[PDB]
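Trainee: Have a look at the structure that comes next, please.
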Amino acid sequence: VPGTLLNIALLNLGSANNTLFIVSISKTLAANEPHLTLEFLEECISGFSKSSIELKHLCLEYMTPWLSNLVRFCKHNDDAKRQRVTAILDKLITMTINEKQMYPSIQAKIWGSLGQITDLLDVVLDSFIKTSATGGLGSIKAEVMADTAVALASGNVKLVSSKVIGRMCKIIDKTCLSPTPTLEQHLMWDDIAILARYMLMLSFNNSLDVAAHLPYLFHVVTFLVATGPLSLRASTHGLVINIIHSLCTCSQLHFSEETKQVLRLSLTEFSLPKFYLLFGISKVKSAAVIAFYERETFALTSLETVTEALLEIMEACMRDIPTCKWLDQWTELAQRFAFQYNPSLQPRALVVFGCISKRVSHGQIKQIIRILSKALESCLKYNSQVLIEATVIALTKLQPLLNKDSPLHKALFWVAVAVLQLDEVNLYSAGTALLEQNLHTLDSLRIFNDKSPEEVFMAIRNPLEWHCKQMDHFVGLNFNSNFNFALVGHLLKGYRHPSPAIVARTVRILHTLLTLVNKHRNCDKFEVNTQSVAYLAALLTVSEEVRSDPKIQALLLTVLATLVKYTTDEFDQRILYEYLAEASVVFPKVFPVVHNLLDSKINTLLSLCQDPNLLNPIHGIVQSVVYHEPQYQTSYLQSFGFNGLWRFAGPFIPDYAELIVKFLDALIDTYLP
Amino acid sequence: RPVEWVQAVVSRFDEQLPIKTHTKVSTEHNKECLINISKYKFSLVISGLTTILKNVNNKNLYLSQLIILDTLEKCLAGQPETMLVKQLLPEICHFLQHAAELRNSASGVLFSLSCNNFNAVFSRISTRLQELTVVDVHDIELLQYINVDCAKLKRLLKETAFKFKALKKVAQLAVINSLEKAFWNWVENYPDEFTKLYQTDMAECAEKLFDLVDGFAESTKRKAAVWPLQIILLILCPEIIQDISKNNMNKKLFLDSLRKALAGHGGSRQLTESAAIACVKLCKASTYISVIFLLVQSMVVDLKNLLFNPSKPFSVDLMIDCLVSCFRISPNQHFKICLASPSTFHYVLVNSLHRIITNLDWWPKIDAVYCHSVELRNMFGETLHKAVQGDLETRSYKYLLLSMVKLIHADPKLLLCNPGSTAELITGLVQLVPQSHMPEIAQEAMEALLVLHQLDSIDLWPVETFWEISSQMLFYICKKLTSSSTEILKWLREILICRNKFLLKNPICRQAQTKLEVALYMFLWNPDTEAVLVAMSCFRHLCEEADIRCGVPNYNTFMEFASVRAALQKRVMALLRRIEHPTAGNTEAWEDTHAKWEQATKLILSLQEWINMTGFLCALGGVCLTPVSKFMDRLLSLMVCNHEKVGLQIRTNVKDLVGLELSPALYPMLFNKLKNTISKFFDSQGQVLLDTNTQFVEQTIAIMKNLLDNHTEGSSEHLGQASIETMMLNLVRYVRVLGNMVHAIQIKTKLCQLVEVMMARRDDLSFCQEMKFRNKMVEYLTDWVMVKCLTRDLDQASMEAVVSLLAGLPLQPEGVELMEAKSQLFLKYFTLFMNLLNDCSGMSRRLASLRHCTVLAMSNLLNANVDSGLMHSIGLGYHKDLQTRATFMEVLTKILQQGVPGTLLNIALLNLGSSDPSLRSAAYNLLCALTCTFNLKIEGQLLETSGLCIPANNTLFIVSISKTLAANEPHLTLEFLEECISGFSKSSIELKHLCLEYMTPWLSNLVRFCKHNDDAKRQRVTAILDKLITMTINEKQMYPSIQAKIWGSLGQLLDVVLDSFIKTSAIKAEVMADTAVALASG
């Protein structure tokens, strides 16, 4: 009755103008008689919801002072008092959602006042979040709540944002407490999506906030970056844009003109269509418009790209702020999620951990390669594959960090080889990235300068050899018999790869290896010999510089024939068949080996084709074959372990993966204590 | 798997047969591969070919069979038995004008087969001989074709003799004829073995068969049939010939009968005719070696008096055999008879000489005849003259001339060696090359001229002679080519190759080089794709000639031609535009093509040739800078070609060729002529003379659009040389008076599309009065900014053109009044665009595109015209459409950082409120720009950037900015508050509320302005209070909230406030009383 009658009195007092007198009395009684507040605000919202818009303006004005007392009831933690404040907050929230034309008024005066009040903010946020939980993302209840959340922050920014971001981080951790295969499916997906919504709205106000938060916000970006429905992706792009802008202007920070220029250019870079594709935004003019499914089935290479860009943002800043711990905290946060078992997040985390880290240990590498192995076991039993790709990208970024005398640099070359053997498009891309970066790493370590790559990598195989024999005999490539041709066999599949970027990477790897094999001799890089020839034959369709023992003949021939078998470019075919015409006349006794491979395509080109330049070599080969029509059948490759060579280098798991599991586990058990 | 791919080549070759350029090359390349495969796996390839031949057997059929048989022959000639015999041989027997080619091909196959197979073919023959003893003769005819050596001939004769009496009379006849050829086959292939025969078992067979064949000869007809074989069989018996020159009596009586039959004493013409055949075969035989020469000496004089009698001509191949044999026996009485005489003797002579060249170490070479070259040249000139001035007599001179040209092809050296003489010879051949009624002769005359142009030949004609003669030939040929042209041009390529070779070893020349240049350019437009490619190839040799000469202008573009139907003609025209430099040749080629084109134009008023000629003239004509002026006038007259059957095609092709292909160097003439023509469409009062003029205008618009779309290098330089302004003004003025029908709307639309492209190119073009021109253009196009679908496309196009016209355009009406007139003109365009966007406020997307374009029109109009625009532009900032507002604020952003504070600050702040996200980002960037431009001191610093996704609820941020500004920037206060309160009246309730919150700080500053003594500033505060009152009265929902914020803060002036309340009251009065309660609290 005290709160009820006092509401009736102040409402009817306006029903005409005395509004500042009513507010002065309201202020006075709010200060003097605080117990009234519980009853009064409950009664206010009841009268408000029934009343006219004119009365609703008046009502909020008289409500404004009372909010302060709402903390008193809350200190106790017994249910009844805390519950009726929580109900008052839910009623105020409900009121905010309902009165779309009171909307800036409610937010400025009611929510701005509530924004002052630190203690209550956990109750307020759980009320907001549970209000949003009523339907999740796409519920107007959640949508308005996010827009309102900025008002909560506006009074005591750092604590509100710390609790929102803290809930996001803790809820992302909670996903791992009970895993699901895919994040969008997860038992807590709506709770994450809601907080991501709030984080976009807050992020412009985070221009006041970022300095404590910046790592945690990128941790959230890392998991979310292209996930979920397209509006959440747009939101997450906006989240980063707004954070970079906030880093260019926080009045608490003092970044240099160089650091500020780096951030300005970063805003520009994040505004480019390249970054839209990275965030899983396609088919949109402006991310903003959509922010306020056609999943690109997420490519970890996109997250890698984002993460290095965010790393260059953070690094630039960290030079100017020597007193921060940001990259170390990000390293720990990413590390925790990378190592812990959670199928949805763990791949993303591994990628990020690798990108950001500035140091690594053999015990961390053991955990990563154990994760790779366990992921390949799960393939015996899509998510597993994405985890494999992630681990391989992680190994790529981590291997430049490893100590100069570590065995692991050499070991990771075989991890890459095993990954390529899997025959999965993104795994091969990752393995070639790993291999490309590994060969740069080992050359930067000087390791080739006194040894062939063959000797270095085969030494690491020798303990493994018992396992490697079983791998090579099921692959049908045998490095013990000829290292260079086996490695090239793996690389040749890279020419098939659907992406021109991965083909060009494969070419760089072959060029690197060619140079390295001759580097230990001190030869010129194009000197043809029993070791360089494999790379030269591999390079033959792709290098203008290149173009301008019966086992070795058979391998060379089989590589050229393999390259004819698959390549669709008639200009490639011209070059290759010209070399096969000479090679047939040069190696006639060995040439029968290739005939099975060539037979299908040569029938095809004879019966179909009408380019004389391509046909002249083909007719030359048939003539040469008949003229010298055996000492080596196609089976000859099988004897030394190469029957798979044409097998493997064709277009893009279980049997290979189990052997690789044993190999990786043996690699760890030999090399890692 | 090799067999399987050999079978795949065989199968490829079969499917590529004609009966089922790249297919030609592929076929020959397959055939050659099969031959080279057969060089090793012979039976696989022959089996396949045999199988194909069977299938094919069970014009294109003949060509396919010829391809198969030519392949078989070359395979067999490349050979390193069962199916050759059981499978191939019966099929080759089946074959044994295209039937004669097939019989020749099949015979060459059989000959090749028989070399290594002979025993089988002979077993077939011997089996049919046996069957014939117990009538079908065809297998016996195989004896004609088969390869035979001395041992094989002996076997054939022995087998025949044994069986001959038991054979039937028709079979005996077939054998007799077939053995006659079989003997020759041996002698011709194995002349050494026949020579060895004159240096007993063969003779026994030959005598036995002679006596058997003699016993068969019971009648005149049978005697005439056997005498050619009986002389052969006697020639196979050297010791019998020696005896009968002194058991043999019937052989003597046979020779005596031959002598009597040659001497005319035998009454039977058939026996004389047969005796000629026999004694020629004897004479022939002697050349392949003796007592035979005595036998020849006994008959040769009577044989010469039989075959070479001009007073009683015999009744050609037989006569040729005779003359060739006589020459070989003794290398000339009958020769002089043939030089003097019947044309048939001229024919026999020439063909005999041709055979002498083209067919043994003791045989006399042709060089003995090089005494008679003058007489052969006279015979050629006479024959040429008689063939050209020309029924049966005429037809005979043609065959003779062909033979003489074939003779020249076989050897030039003869003609040249006995000797002007060379110049006459070459001139006669050259005169044949053009002749349409004699394609076979012309072709051979070309080959003859080609071999005459080989190095060894030219030396015999040196350098001063080569230059004069070869240039005279070139000049004449080129002159004819500019009046089978393709084959003549291919040949002219090979002649140029020869000239380059001759010069590499090293006034009519300049004339020839010029005419060649003329000819080659004229071929670039030819309706035959092959001719064009060949002409391109000829420029390569023209360059090579110049390299060879210079090593002791167009050259780069000639080498580009060398590097190369509709696509080819496009490529040609593109190259022709790159010819900058004039030459006598290119100029003349243009004039000649123009003359031909005018003649063709008249005839038209063949079409593809006229199109190509048109294109060529358009592309090359720059070099000529009159004739070109007249051609351009004629093109312009053809744009309106009214012709019922070809007019659309003419207009389309003129338009496309002028618009895409004309020389850049002609654009200055084209624009002056278009300008001058379009200017005639107006009277002396500047009114439009309205079908022909409308059609000209439409085609002009399309032509100019196409020109301006074109990115040909160097085109920018020329586009600058002539003004378009008067022309474009006249075009729009013309198009304005066209009504609002569908076709006229399309023309208006096209002119807008032209204006758009024209503005993009404006950086290339030249202007006397650009600003005035663009102003007048916007003025005209804005009239169009108003079937419904097309009018809406016209609106879109017009607006897109207007957006192009407005882009850095200062406005210019037609000094202090000029700035005010400029402002009034701004207000007209701006209001029209606003109306168009209000009308906006596939059908949906077109409207949104029109709206976006309209916003960009305002934007550009503002970006140039800042001093005229800014005040009206704030009216855009208020406007109900959020998308337009946002874009307009980005325009303001351009002005303000390039080089107002209150009005723009309100439009920024109020828009930051919006439900539209893009509007919020745009507003935020505008706030940043204002902060930087006006150095507005701000806490929580502000950063300009794209794509910043600001929340909708940002009121506490907008408010914070506002009051910080209200402290920091008080001079704004009057300017700002008045504009905010105006915006209040425009707004939604949400935006009205937001306006109050951010206004609230500003109110406090108003005291500064009435402490200031300026009557205007005191008035503006009073007017702000009046507008605050007006808002307070009107905005009733807000009214308790307005009182709390506004009137409480104002209560903290108050005479002026109370007088404003009272004067306004003098609901207004009630509201002022009720508001005074708030005011009093302060």
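How things are named: the first chain in the structure tokens is A, the next is B, and so on; residues count from 1 in each chain; ligands count from 1 in the order shown.
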Give as a ChimeraX atom specification every residue of chain A that touches chain B within 6 Å, counting only C-alpha atoms.
Mentor: /A:17,54,57,101,147,201,204,238,242,249,251,288-289,603,607,610,619,623,627
Trainee: Residues of the last selection are to be written out with C-alpha atoms, as a PDB file, in the first residue's frame.
Mentor:
```pdb
ATOM      1  CA  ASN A  17       2.054  20.320 -15.477  1.00  0.00           C
ATOM      2  CA  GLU A  54       2.006  11.601 -22.135  1.00  0.00           C
ATOM      3  CA  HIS A  57       6.891  10.354 -20.197  1.00  0.00           C
ATOM      4  CA  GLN A 101       8.074   5.378 -29.307  1.00  0.00           C
ATOM      5  CA  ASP A 147      20.715  -2.209 -28.459  1.00  0.00           C
ATOM      6  CA  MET A 201      26.466  -2.667 -29.971  1.00  0.00           C
ATOM      7  CA  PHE A 204      31.271   1.389 -30.654  1.00  0.00           C
ATOM      8  CA  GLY A 238      31.396  -5.100 -37.499  1.00  0.00           C
ATOM      9  CA  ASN A 242      34.573  -1.099 -34.417  1.00  0.00           C
ATOM     10  CA  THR A 249      40.637   6.522 -30.649  1.00  0.00           C
ATOM     11  CA  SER A 251      41.296   8.763 -24.982  1.00  0.00           C
ATOM     12  CA  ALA A 288      26.542  -2.815 -41.548  1.00  0.00           C
ATOM     13  CA  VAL A 289      23.216  -3.047 -43.357  1.00  0.00           C
ATOM     14  CA  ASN A 603      43.624 -43.753 -77.619  1.00  0.00           C
ATOM     15  CA  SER A 607      40.717 -40.747 -82.022  1.00  0.00           C
ATOM     16  CA  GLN A 610      43.151 -32.200 -84.300  1.00  0.00           C
ATOM     17  CA  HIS A 619      52.522 -40.457 -83.392  1.00  0.00           C
ATOM     18  CA  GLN A 623      56.084 -45.288 -83.935  1.00  0.00           C
ATOM     19  CA  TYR A 627      59.834 -49.897 -83.759  1.00  0.00           C
TER      20      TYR A 627
END
```
Trainee: So that I can check the surroundings of residue 303 of chain B, please list as a PyMOL selection string every protein, DNA and RNA residue that reaches within 12 Å of it, counting only C-alpha atoms and ignoring chain neighbours fewer than 6 positions away.
Mentor: chain B and resi 258-264+272-283+296-297+309+314+318-319+321-323+325-326+334
Trainee: Quick one: write out the picked residues with N, CA and C atoms as a tab-separated table (two decimals), in the first residue's frame?
Mentor:
```
chain	number	residue	atom	x	y	z
B	258	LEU	N	56.69	-56.74	-141.48
B	258	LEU	CA	56.74	-55.43	-140.83
B	258	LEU	C	57.33	-54.37	-141.75
B	259	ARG	N	58.48	-54.65	-142.39
B	259	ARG	CA	59.10	-53.70	-143.34
B	259	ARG	C	58.13	-53.34	-144.46
B	260	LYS	N	57.51	-54.34	-145.08
B	260	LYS	CA	56.51	-54.15	-146.15
B	260	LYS	C	55.30	-53.34	-145.68
B	261	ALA	N	54.85	-53.57	-144.45
B	261	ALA	CA	53.75	-52.84	-143.85
B	261	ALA	C	54.11	-51.39	-143.50
B	262	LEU	N	55.35	-51.09	-143.12
B	262	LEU	CA	55.81	-49.72	-142.92
B	262	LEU	C	56.01	-48.98	-144.25
B	263	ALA	N	56.56	-49.65	-145.26
B	263	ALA	CA	56.85	-49.06	-146.56
B	263	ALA	C	55.59	-48.74	-147.41
B	264	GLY	N	54.38	-49.01	-146.89
B	264	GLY	CA	53.10	-48.76	-147.57
B	264	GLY	C	52.68	-49.85	-148.56
B	272	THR	N	49.67	-51.96	-141.21
B	272	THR	CA	50.58	-50.80	-141.16
B	272	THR	C	50.54	-50.12	-139.80
B	273	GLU	N	49.36	-49.86	-139.27
B	273	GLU	CA	49.16	-49.25	-137.96
B	273	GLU	C	49.81	-50.10	-136.86
B	274	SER	N	49.56	-51.40	-136.88
B	274	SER	CA	50.20	-52.31	-135.94
B	274	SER	C	51.72	-52.34	-136.12
B	275	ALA	N	52.22	-52.35	-137.36
B	275	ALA	CA	53.65	-52.34	-137.64
B	275	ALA	C	54.32	-51.08	-137.08
B	276	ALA	N	53.65	-49.93	-137.12
B	276	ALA	CA	54.14	-48.73	-136.47
B	276	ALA	C	54.36	-48.97	-134.98
B	277	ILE	N	53.34	-49.49	-134.30
B	277	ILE	CA	53.39	-49.81	-132.87
B	277	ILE	C	54.56	-50.75	-132.58
B	278	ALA	N	54.69	-51.83	-133.36
B	278	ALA	CA	55.77	-52.78	-133.18
B	278	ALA	C	57.15	-52.13	-133.37
B	279	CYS	N	57.33	-51.36	-134.44
B	279	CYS	CA	58.64	-50.82	-134.75
B	279	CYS	C	59.01	-49.68	-133.81
B	280	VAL	N	58.04	-48.90	-133.32
B	280	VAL	CA	58.32	-47.97	-132.24
B	280	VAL	C	58.79	-48.73	-131.01
B	281	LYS	N	58.13	-49.81	-130.63
B	281	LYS	CA	58.53	-50.61	-129.47
B	281	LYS	C	59.95	-51.18	-129.65
B	282	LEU	N	60.32	-51.61	-130.85
B	282	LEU	CA	61.70	-51.97	-131.17
B	282	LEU	C	62.66	-50.79	-130.95
B	283	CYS	N	62.37	-49.64	-131.54
B	283	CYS	CA	63.21	-48.46	-131.41
B	283	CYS	C	63.39	-48.12	-129.94
B	296	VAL	N	66.96	-51.78	-136.11
B	296	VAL	CA	66.46	-50.41	-136.04
B	296	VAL	C	66.82	-49.63	-137.30
B	297	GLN	N	68.08	-49.63	-137.73
B	297	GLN	CA	68.51	-48.97	-138.97
B	297	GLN	C	67.75	-49.46	-140.21
B	309	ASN	N	55.00	-37.63	-141.35
B	309	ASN	CA	54.67	-37.13	-142.69
B	309	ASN	C	53.67	-35.95	-142.64
B	314	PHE	N	49.52	-39.38	-139.68
B	314	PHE	CA	49.17	-40.72	-139.21
B	314	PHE	C	47.98	-40.72	-138.24
B	318	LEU	N	52.06	-42.80	-129.24
B	318	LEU	CA	52.91	-43.61	-130.11
B	318	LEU	C	53.97	-42.74	-130.80
B	319	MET	N	53.58	-41.58	-131.31
B	319	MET	CA	54.53	-40.68	-131.97
B	319	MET	C	55.59	-40.16	-130.99
B	321	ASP	N	56.68	-41.72	-128.20
B	321	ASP	CA	57.58	-42.86	-128.03
B	321	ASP	C	58.58	-42.94	-129.18
B	322	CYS	N	58.13	-42.75	-130.41
B	322	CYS	CA	59.02	-42.76	-131.56
B	322	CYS	C	60.07	-41.65	-131.47
B	323	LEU	N	59.65	-40.40	-131.28
B	323	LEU	CA	60.57	-39.26	-131.31
B	323	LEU	C	61.58	-39.37	-130.18
B	325	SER	N	62.56	-42.07	-128.71
B	325	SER	CA	63.47	-43.15	-129.07
B	325	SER	C	64.48	-42.70	-130.11
B	326	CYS	N	64.05	-42.01	-131.17
B	326	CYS	CA	64.96	-41.50	-132.20
B	326	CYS	C	66.01	-40.55	-131.61
B	334	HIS	N	63.67	-35.28	-138.63
B	334	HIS	CA	62.29	-35.32	-138.12
B	334	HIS	C	62.06	-34.28	-137.01
```
Trainee: One number please: atom CA of residue 745 of chain B to atom CA of residue 673 of chain B, in Å, one decimal.
Mentor: 26.0 Å
Trainee: Can you tell me, as JSON, numbers by chain, what residues are no more than 10 Å from residue 482 of chain A when counting only C-alpha atoms, ignoring any on the same chain fewer than 5 positions away?
Mentor: {"A": [454, 477, 487, 530, 531, 534, 551, 552, 555, 640, 641, 642]}
Trainee: Give me the residues within 7 Å of segment 698-704 of chain B as an MDAnalysis selection string, counting only C-alpha atoms and dropping any in the same chain fewer than 5 places off.
Mentor: chainID B and resid 639 655 658:659 747 751 754
Trainee: Pick out the residues sitting within 9 Å of residue 397 of chain A, and hand them over as a count of residues only; count only C-alpha atoms, and ignore anything fewer than 6 positions along from it in its own chain.
Mentor: 8
